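Okay, so here's the structure we're looking at.
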Amino acid sequence: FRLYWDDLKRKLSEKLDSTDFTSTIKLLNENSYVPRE
Amino acid sequence: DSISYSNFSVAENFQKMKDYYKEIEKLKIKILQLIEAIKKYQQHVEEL
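Those protein sequence lines, which keep their order, are chains S and A.
Following this note's numbering, the numbering of the first sequence begins with 1 at its first residue and continues without gaps.
Following this note's numbering, the numbering of the second sequence begins with 38 at its first residue and continues without gaps.
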């Protein structure tokens with residue numbers, strides 16, 4: 001089976017509705033990594 | 038997590054306060070030497 005465009009932007013939107021960016025942005029501001037020159 | 042986030046601003050402000058209070062100390066020794074210079078001038082004008 002093959003995937004064309006209008007199926008594929010739909011698949012991307014179904015992936016983006018699940019994820020959670022806020023926890024990762026808080027993770028990159030943790031006390032382990034917070035100064036990094 | 039919020040108390041941890043305030044750290045970088047708080048540390049720099051406190052360091053600045055330490056710097057300024059060092060300069061208050063320097064002006065305190067200098068101002069005592071100034072009042073001593075005033076009194077030496079005072080006895081000299083009495084000696085003119």
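The C-beta atom is built at its ideal place from N, Cα and C for all residues, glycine as well.
- In the three-state scheme derived from DSSP, where H, G and I count as helix and E and B as strand, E73(A) is classed as helix.
- DSSP places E62(A) within a helical segment (H, G or I) once states are collapsed to three.
- By the rule that beta-carbons nearer than 8 Å mark a contact, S43(A) does not touch chain S.
- If you look at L8(S), you'll find it in the alpha helix (DSSP H) that goes 5-16.
- Residue range 21-27 is occupied by the alpha helix (DSSP H) that includes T24(S).
- For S41(A), the enclosing alpha helix (DSSP H) begins and ends at 39-42.
- DSSP places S32(S) outside both helix and strand once states are collapsed to three, so it counts as coil.
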